[PDB]
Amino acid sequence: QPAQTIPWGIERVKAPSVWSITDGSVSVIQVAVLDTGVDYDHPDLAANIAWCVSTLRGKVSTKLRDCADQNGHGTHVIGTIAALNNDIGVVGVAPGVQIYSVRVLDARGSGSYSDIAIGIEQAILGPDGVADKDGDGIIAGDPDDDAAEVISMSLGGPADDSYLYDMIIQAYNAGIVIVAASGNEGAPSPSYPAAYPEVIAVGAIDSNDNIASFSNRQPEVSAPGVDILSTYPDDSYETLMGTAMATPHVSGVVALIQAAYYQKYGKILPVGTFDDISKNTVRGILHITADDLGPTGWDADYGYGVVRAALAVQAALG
């Protein structure tokens, strides 16, 4: 195992200075990562893997075997959010956050919309299988429930299907922040589900603060997505690019925001909207604390700009 390094992306989104306040280890907070599965015993990840489930072929399985990563993408994404802060490997944006690994993509890195939709339902239901156990309407942020607070989707397709959107809406109404990759075709707008209003579309920047040429345009925010070093199977590390790599940076930020807010107030922030520029919503905070690159204001390349954990947490607690 190599000595721990802090990847440039984690530095860029200003995560390290937040860890004194929180590293995301607030017990009510989980981040659900709907991806190719996870190297569940990776030494730099294991302690944060709270649930390992699969929805492939429409069958919900917790067999560690069916939930393990046979591609690597999932493992990499998860490491960007939640790699442990220790003596080895790398470190995530939120190095103590609990992860739900929801395997909705197969070894090829492809997935059925149906499997993804089932995946979103599992993120809401949690291990107990019930969305709202005590029937109070509170799901995300209710300590009596085991719903995720963030749903992270480093994947996308061109179809807009009503059932998948209906599930997205269910997540949003459960108070869950949904984050998704904008896509890698250099297209004028994001793929689905990133293009839904209830989801945060994420574009990718490189280490020179330029937008990646492949990054789908008109995202909400942007984050590091070129030359991104993270965990990879088996118990190893690898460097990859994509809007799939940018997305977990954002999810990590959101995890920090909700953890820090819950630590201080015993509640989480509302999700908010694309237009929000206030301090009273996660997305509002994301937008007003982002590093505004390119032309002043929101723009087609960077969205509102590059997410900044340190500033977003300050805004949340102030």
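Heads up: residue numbers just count along the shown sequence, starting at 1. So that the term is clear: the rigid core is the largest set of C-alpha atoms that superpose within 1.5 Å between two forms.
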When the rigid core is fixed in 6 other deposited structures of this protein, C-alphas move more for 144-152 or 130-138; answer is 130-138
Which is higher on average in the deposited entry, the C-alpha temperature factors of 55-63 or of 29-37? 55-63
Taking the deposited Cα B-factors and averaging over 65-73 and over 247-255, the higher mean is found in 65-73
Identify, among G203, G92, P193, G109, the residue whose C-alpha carries the highest B-factor in the deposited PDB entry. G109
From the list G157, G175, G119, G135, select the residue with the highest C-alpha B factor recorded in the entry. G135
When the modelled residues of the chain are sorted by Cα temperature factor, does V18 land in the lowest, middle or highest third? highest
CA B-factor ranking of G9, expressed as a third of its chain: lowest
In terms of its chain's C-alpha B-factors, the third that includes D227 is the middle
Which third, lowest, middle or highest, does the C-alpha temperature factor of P233 belong to within its own chain? highest
Among the modelled residues of its chain, does the C-alpha B-factor of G79 lie in the lowest, middle or highest third? lowest
